[PDB]
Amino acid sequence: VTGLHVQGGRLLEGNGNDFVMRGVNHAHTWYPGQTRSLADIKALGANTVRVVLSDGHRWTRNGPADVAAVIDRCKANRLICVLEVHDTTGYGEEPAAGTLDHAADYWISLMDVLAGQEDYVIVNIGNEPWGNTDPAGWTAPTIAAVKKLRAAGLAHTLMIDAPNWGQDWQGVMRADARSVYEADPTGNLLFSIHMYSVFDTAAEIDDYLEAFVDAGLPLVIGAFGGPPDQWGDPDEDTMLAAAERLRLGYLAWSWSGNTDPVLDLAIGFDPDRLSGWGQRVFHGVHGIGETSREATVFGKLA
């Protein structure tokens, strides 16, 4: 038995040890020059980074050599690597958005560089791959993309984002999760909820996470916020506490470089200059410094 995989609703390393993501998102595709971000993120205690890629539909395609380099750099910094295609974001509502099938073709094109990296790399098929229009339409192409990647021979653990821009507020991923999970013959599939202003009360967070846990289905919070936006105030204190209580993975949005800097954890990619949001995530109660454990595949650091 090798590779990251799912068993009993838990993400396990090849050696069977439970792995709970404690990390952040890094916007690699828009910031190719910010090479030190991965080392900086590791130094602040993260055990996982979610790396923003483009499949070229909307932004500039990250080619195989670039992706190979990203994977190697994650391994060099003793980080588990969640790769994700951002171009799918908001499909049906964002005009520029790409399809999950287009993302799937891109992943298949990367299989030579993904090969042998199942201990380190999780494939998040497409970011937030449906908007708020007809979110029930998300299920069929998500299932099709899962089946297509498995048919192509991809063995990595998969990660699945929800419609309603990843916040699933109409409950489609929650309702249809069992059918999506069953589309993966290997069972190595994670669901990912994104929590922004929909998740502005503790009960919304607890009930959502517990719905997956109580169903036996694996869930991570693959992107989440904290500072208020135009739709409300995300309750990040409950996100962090509930994720620790249930020992579910989380990945804060984002290291640095947002067009609106309100969600930058670090200001200007400087790890010593954390925003209030960055301080909360890295140094606060139930945060990364407190609760992140390195993946055991890397061994005991000298």
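Residue indices: 1-based, along the sequence shown.
J.: Taking the mean of the C-alpha B-factors per stretch from the entry, tell me the winner out of 119-127 and 224-232.
T.: According to the PDB entry, the answer is 224-232.
J.: Taking the recorded C-alpha temperature factors, which stretch has the higher mean, 292-300 or 1-9?
T.: Mean B over CA atoms: larger for 1-9.
J.: Select one of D101, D87, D206, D200: the residue whose C-alpha shows the highest B-factor in the crystal structure entry.
T.: Across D101, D87, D206, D200, the entry lists the biggest C-alpha B-factor for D101.
J.: Between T186, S192, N77, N164, which carries the biggest CA temperature factor in the record?
T.: Top of the list by C-alpha B-factor: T186.
J.: Compared with the other modelled residues in the chain, in which third is the CA B-factor of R50?
T.: Lowest third, going by the recorded CA B-factors of the chain.
J.: When the modelled residues of the chain are sorted by Cα temperature factor, does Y196 land in the lowest, middle or highest third?
T.: For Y196, whose C-alpha B-factor we compare with every modelled residue in the chain, the answer is the lowest third.
J.: Please say which third, lowest, middle or highest, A252 falls into when its CA temperature factor is compared across its chain.
T.: It belongs to the lowest third of the chain when residues are ordered by C-alpha B-factor.
J.: Quick one: classify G14 as lowest, middle or highest third of the chain based on its Cα B-factor.
T.: Its C-alpha B-factor belongs to the middle third of this chain's values.
J.: Pull the Cα B-factor of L83 out of the PDB entry and bin it into the chain's lowest, middle or highest third.
T.: According to the entry, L83 has a C-alpha B-factor in the chain's lowest third.
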